[PDB]
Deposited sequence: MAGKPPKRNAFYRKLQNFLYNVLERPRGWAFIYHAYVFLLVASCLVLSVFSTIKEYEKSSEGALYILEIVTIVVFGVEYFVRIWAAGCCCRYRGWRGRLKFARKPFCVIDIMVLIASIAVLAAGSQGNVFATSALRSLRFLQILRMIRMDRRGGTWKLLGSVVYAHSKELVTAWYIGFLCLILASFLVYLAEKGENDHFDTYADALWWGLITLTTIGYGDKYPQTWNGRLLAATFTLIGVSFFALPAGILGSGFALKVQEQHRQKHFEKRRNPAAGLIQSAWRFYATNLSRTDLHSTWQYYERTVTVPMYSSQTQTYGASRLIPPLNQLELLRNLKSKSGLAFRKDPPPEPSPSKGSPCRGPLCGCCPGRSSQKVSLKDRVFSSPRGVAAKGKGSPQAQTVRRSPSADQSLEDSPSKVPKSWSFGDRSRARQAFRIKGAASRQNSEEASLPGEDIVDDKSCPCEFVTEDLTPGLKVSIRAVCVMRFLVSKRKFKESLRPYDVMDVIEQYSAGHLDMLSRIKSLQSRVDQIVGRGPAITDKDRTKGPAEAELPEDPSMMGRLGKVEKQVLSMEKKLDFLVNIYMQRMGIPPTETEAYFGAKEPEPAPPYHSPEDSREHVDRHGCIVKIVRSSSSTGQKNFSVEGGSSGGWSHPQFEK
């Protein structure tokens, strides 16, 4: 009985923690609920729809607070089934970590509001929305990509900022009085920013032909450098995800390698010809004609693990194949060295025989 209970508790821990299959769907549905709550709050901000928006938002807030409370309680309960944390002491010690503290502050704030509150509700929604991540993967990825391309991003920022300043100042000089838009240099800076970024509100735009000419000649280059970082970060994201996939592939190679080595040792020790080695025999008897059956099972395990590992040795990359074949080529070097030594001993025997 208790075995099923512990199995289900561990499954719950897995679901709330790193999900694989339909737990993604549960996370997506709670995401849908939170998103519906945000849009309902936005509508409640509007005056005309405030009535029905608030009417629905009250019940949606009730449902969402209930869901978040039960989720946090289940998370803390399942914290006491993992190896690191067990029972009550383990769960309480796990709660000492910061992320659980963020979640519990969010929950208590929700209870307090539900038991100038609009700003607090907005902040709590923002906090929980940043919370749904639960792992920080996105921020880690973004930081790694920025750090990897730090030089490209920094040079792009430098060139773009210099172009913004210069073009803005030149346009300001060219439209100091002939245009009401550019009365002050701050206005010119705002214009230059909203042009180079290609937002182009249209509230400010040069009207003197000198200003228009300067704006054109500078906005070409400015928009190019302002668009640079988008492509740079896209390429960085792609490369980083490829690297993560490569690392996961190498771990998936690591595990079956150990499986194969274990099975190979077991099969080697399972030969009936030799009896000095009994460790595998004792292990299989403890787990339990009979001995030949055990050897059959173990040789089958060796065969299947060999198949699994050989499949696991797929290229996935040029570098991988080059590495493996280069190990083979070093083996070739060793073998040809042995052949050289052997032919040397042959030529030594030559005169000895002759």
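Gaps in the coordinates relative to the deposited sequence fall at 1-7, 123-132, 306-472, 539-656.
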